[PDB]
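This is query.csv (CSV, C-alpha atoms).
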```
chain,number,residue,atom,x,y,z
Y,1856,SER,CA,11.6,13.3,-26.8
Y,1857,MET,CA,13.0,16.9,-26.9
Y,1858,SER,CA,10.1,19.4,-27.6
Y,1859,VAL,CA,7.7,16.4,-28.5
Y,1860,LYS,CA,5.3,15.5,-25.7
Y,1861,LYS,CA,2.2,13.4,-25.3
Y,1862,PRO,CA,-0.9,15.3,-24.2
Y,1863,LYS,CA,-0.8,16.3,-20.4
Y,1864,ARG,CA,-2.8,13.8,-18.3
Y,1865,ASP,CA,-4.4,15.8,-15.4
Y,1866,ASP,CA,-2.6,14.7,-12.2
Y,1867,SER,CA,-3.8,17.7,-10.0
Y,1868,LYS,CA,-6.3,15.5,-8.0
Y,1869,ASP,CA,-3.9,12.5,-7.6
Y,1870,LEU,CA,-2.9,13.5,-4.0
Y,1871,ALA,CA,-6.5,13.8,-2.8
Y,1872,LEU,CA,-7.6,10.7,-4.6
Y,1873,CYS,CA,-4.7,8.6,-3.2
Y,1874,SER,CA,-5.5,10.0,0.3
Y,1875,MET,CA,-9.1,8.8,-0.1
Y,1876,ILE,CA,-8.1,5.3,-1.2
Y,1877,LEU,CA,-5.7,5.1,1.8
Y,1878,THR,CA,-8.6,6.2,4.1
Y,1879,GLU,CA,-10.7,3.4,2.7
Y,1880,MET,CA,-7.8,0.9,3.2
Y,1881,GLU,CA,-7.3,2.3,6.8
Y,1882,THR,CA,-11.0,1.7,7.8
Y,1883,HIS,CA,-11.4,-1.8,6.2
Y,1884,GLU,CA,-12.0,-4.4,8.9
Y,1885,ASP,CA,-9.1,-6.6,7.7
Y,1886,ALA,CA,-6.6,-3.7,7.8
Y,1887,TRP,CA,-5.5,-4.5,11.4
Y,1888,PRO,CA,-2.3,-6.4,10.5
Y,1889,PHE,CA,-1.2,-3.4,8.3
Y,1890,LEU,CA,-2.0,-0.3,10.3
Y,1891,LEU,CA,1.3,0.1,12.1
Y,1892,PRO,CA,4.9,-1.0,11.5
Y,1893,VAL,CA,5.7,-4.6,12.5
Y,1894,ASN,CA,7.6,-4.4,15.8
Y,1895,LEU,CA,11.0,-5.6,14.8
Y,1896,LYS,CA,12.1,-6.3,18.4
Y,1897,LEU,CA,9.1,-8.5,19.1
Y,1898,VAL,CA,8.7,-10.5,15.8
Y,1899,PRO,CA,11.5,-12.9,15.3
Y,1900,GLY,CA,12.7,-13.2,11.7
Y,1901,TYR,CA,11.0,-10.0,10.4
Y,1902,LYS,CA,14.0,-7.7,10.4
Y,1903,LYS,CA,16.2,-10.1,8.5
Y,1904,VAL,CA,13.7,-11.4,6.2
Y,1905,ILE,CA,11.7,-8.3,5.1
Y,1906,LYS,CA,14.1,-6.0,3.5
Y,1907,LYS,CA,11.7,-3.1,3.1
Y,1908,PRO,CA,9.0,-3.0,5.8
Y,1909,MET,CA,5.9,-0.9,4.9
Y,1910,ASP,CA,2.6,-0.2,6.6
Y,1911,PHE,CA,-0.4,2.1,6.2
Y,1912,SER,CA,0.7,4.6,8.9
Y,1913,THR,CA,4.1,5.0,7.2
Y,1914,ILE,CA,2.4,5.4,3.8
Y,1915,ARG,CA,0.1,8.0,5.4
Y,1916,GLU,CA,3.0,10.0,6.8
Y,1917,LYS,CA,4.9,9.8,3.4
Y,1918,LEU,CA,1.8,11.0,1.6
Y,1919,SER,CA,1.2,13.9,4.0
Y,1920,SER,CA,4.7,15.2,3.7
Y,1921,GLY,CA,5.2,15.1,-0.1
Y,1922,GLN,CA,7.4,12.0,-0.2
Y,1923,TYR,CA,5.6,10.4,-3.2
Y,1924,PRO,CA,6.7,12.0,-6.4
Y,1925,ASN,CA,3.8,10.5,-8.3
Y,1926,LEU,CA,0.8,8.1,-8.0
Y,1927,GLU,CA,2.9,5.1,-9.1
Y,1928,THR,CA,5.3,5.4,-6.2
Y,1929,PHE,CA,2.3,5.5,-3.9
Y,1930,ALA,CA,0.9,2.2,-5.5
Y,1931,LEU,CA,4.3,0.6,-5.1
Y,1932,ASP,CA,4.4,1.1,-1.3
Y,1933,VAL,CA,0.8,-0.1,-1.0
Y,1934,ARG,CA,1.6,-3.3,-3.0
Y,1935,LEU,CA,4.9,-3.7,-0.9
Y,1936,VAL,CA,2.6,-4.0,2.2
Y,1937,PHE,CA,0.9,-7.0,0.6
Y,1938,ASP,CA,4.0,-8.5,-0.9
Y,1939,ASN,CA,5.7,-8.4,2.5
Y,1940,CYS,CA,2.6,-10.0,4.0
Y,1941,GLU,CA,2.7,-12.9,1.5
Y,1942,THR,CA,6.5,-13.4,2.1
Y,1943,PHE,CA,6.0,-13.8,5.9
Y,1944,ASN,CA,2.5,-15.3,6.3
Y,1945,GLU,CA,1.0,-18.6,5.3
Y,1946,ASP,CA,-2.0,-18.1,2.8
Y,1947,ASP,CA,-4.1,-20.2,5.3
Y,1948,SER,CA,-3.8,-17.8,8.3
Y,1949,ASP,CA,-5.9,-14.9,9.4
Y,1950,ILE,CA,-3.1,-12.4,8.4
Y,1951,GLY,CA,-2.4,-14.2,5.1
Y,1952,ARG,CA,-6.1,-14.0,4.1
Y,1953,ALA,CA,-6.3,-10.4,5.3
Y,1954,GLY,CA,-3.4,-9.6,2.9
Y,1955,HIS,CA,-5.1,-11.2,0.0
Y,1956,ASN,CA,-8.4,-9.5,0.7
Y,1957,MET,CA,-6.8,-6.0,1.1
Y,1958,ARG,CA,-4.8,-6.4,-2.1
Y,1959,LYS,CA,-8.0,-7.3,-4.0
Y,1960,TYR,CA,-9.8,-4.3,-2.4
Y,1961,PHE,CA,-6.9,-1.9,-3.3
Y,1962,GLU,CA,-6.5,-3.0,-6.9
Y,1963,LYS,CA,-10.2,-2.5,-7.6
Y,1964,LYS,CA,-10.2,1.0,-6.1
Y,1965,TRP,CA,-7.0,1.8,-8.0
Y,1966,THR,CA,-8.5,0.6,-11.4
Y,1967,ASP,CA,-11.8,2.4,-10.8
Y,1968,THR,CA,-10.2,5.6,-9.7
Y,1969,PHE,CA,-7.4,5.9,-12.3
Y,1970,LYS,CA,-7.8,3.4,-15.3
```
Once more with this new file: its structure as structure tokens, please.
Amino acid sequence: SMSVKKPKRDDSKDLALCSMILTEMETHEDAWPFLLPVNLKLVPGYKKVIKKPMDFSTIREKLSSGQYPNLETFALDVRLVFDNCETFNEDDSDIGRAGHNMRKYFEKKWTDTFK
């Protein structure tokens, strides 16, 4: 509350560390469904169904241009990529499986880097 603060957690490396995680996600072999925005003209249903599209290139551009106020807003966009993927793709599909693998990979890096 006013003039009463918890001790200051060092957040000065967050930007660099999120960038590194994102690099590692970008270069994973199952990243291909997530590298670029879904083409809303060529994928029937996507526009109407997926209210907030998100992809690694869009995250990268937001990260690079100071559009994440903190590391939690960065994690929310990454998770949004996987949550969108689960909404639109059957679990038993190459893309569905890619999404599950990537979410697992992300959450481990996230925990190991920050928790």
Which polymer residues have any atom within 12 Å of an atom of residue 1885 of chain Y, counting only C-alpha atoms, with same-chain residues fewer than 4 positions away left out, as a PyMOL selection string?
chain Y and resi 1879-1881+1889-1890+1949-1960
Would you list the contacts of residue 1939 of chain Y as a VMD selection string, taking every protein, DNA or RNA residue within 10 Å and counting only C-alpha atoms, but skipping same-chain residues closer than 4 positions in sequence?
chain Y and resid 1901 1904 to 1910 1934 to 1935 1943 to 1944 1954
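Take atom CA of residue 1965 of chain Y and atom CA of residue 1864 of chain Y: the distance between them is 16.4 Å.
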Nearest to residue 1866 of chain Y by atom-to-atom distance, counting all atoms listed in the file, from Y:1888, Y:1927, Y:1922, Y:1902
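Once distances to residue 1866 of chain Y are computed over all atoms listed in the file, the minimum belongs to Y:1927.
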May I ask for the distance between atom CA of residue 1921 of chain Y and atom CA of residue 1870 of chain Y, given in Å to one decimal place?
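Answer for the atom CA of residue 1921 of chain Y to atom CA of residue 1870 of chain Y separation: 9.1 Å.
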Of the residues Y:1899, Y:1886, Y:1963, Y:1920, which is the one nearest to residue 1936 of chain Y, using only C-alpha atoms?
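With only C-alpha atoms as the atom set, the closest residue is Y:1886.
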Using only C-alpha atoms for the distances, tell me which of Y:1925, Y:1878, Y:1894, Y:1858 is nearest to residue 1911 of chain Y.
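Of the candidates, the smallest distance to residue 1911 of chain Y is held by Y:1878.
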Please measure the separation of atom CA of residue 1903 of chain Y and atom CA of residue 1877 of chain Y, giving the value in Å to one decimal.
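Value for the atom CA of residue 1903 of chain Y-atom CA of residue 1877 of chain Y distance: 27.5 Å.
Minimum atom-to-atom distance to residue 1937 of chain Y, evaluated using all atoms listed in the file, belongs to Y:1961 out of Y:1924, Y:1961, Y:1895, Y:1884.
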Shell around residue 1865 of chain Y at 12 Å using only C-alpha atoms, local window under 4 positions removed, as a list in words
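With the cut-off at 12 Å, the set is residues 1869, 1870, 1926 and 1969 of chain Y.
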Pick from Y:1970, Y:1892, Y:1915, Y:1862: nearest to residue 1940 of chain Y, with all atoms listed in the file counted?
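Using all atoms listed in the file, the shortest distance to residue 1940 of chain Y belongs to Y:1892.
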